[PDB]
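*Asks:* Line by line, the protein sequences give chains B and E. Counting with the authors' numbering, you get residues 704 to 751 for the letters of the first sequence. Counting with the authors' numbering, you get residues 414 to 432, 449 to 461 for the letters of the second sequence. Yeah, the Cβ is synthetic: ideal placement off N, Cα and C, and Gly gets one too.
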Amino acid sequence: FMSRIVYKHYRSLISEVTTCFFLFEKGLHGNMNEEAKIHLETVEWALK
Amino acid sequence: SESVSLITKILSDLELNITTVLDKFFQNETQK
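(1) Tell me, please, whether the region 706 to 715 of chain B touches the region 415 to 430 of chain E by the rule of three or more beta-carbon pairs shorter than 8 Å.
(2) Is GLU428(E) close to chain B, meaning its C-beta is less than 8 Å from at least one C-beta of that chain?
(3) So what does DSSP say about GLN460(E), is it helix, strand or coil?
(4) Helix or strand or just coil, what does DSSP make of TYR713(B)?
(5) Name the chain E residues that come within less than 8 Å of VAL709(B), Cβ to Cβ?
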């Protein structure tokens, strides 16, 4: 995903994307948008 | 991606090191 090399198994590509995912510091999930969206989803399910 | 990987491997294997008056400047700069 970030080079012109080729892997032998796609577990390696899964791990590459996983590593790129954990470079984003925890606490971005503490943004107002995420709490708003989880509240909205819970309230929508309750209404349904 | 496969093409660049194959030719990159070939080029990498192609660089691994293997186990008169003009002559002065030649040996100092070009031959060295």
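*Replies:* Taking the structure as given:
(1) yes
(2) As a working note, residue 428(E) is residue 15 in the second sequence. By this cut-off, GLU428(E) is not an interface position.
(3) Taking the first residue of the second sequence as 1, we reach residue 460(E) at position 31. Note: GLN460(E) maps to coil in three-state DSSP.
(4) Within the first sequence, residue 713(B) is the residue found at index 10, counting from 1. Helix, per DSSP.
(5) Counted from its first residue, the first sequence places residue 709(B) at position 6. Within chain E, the residues near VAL709(B) are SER414, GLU415 and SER418.
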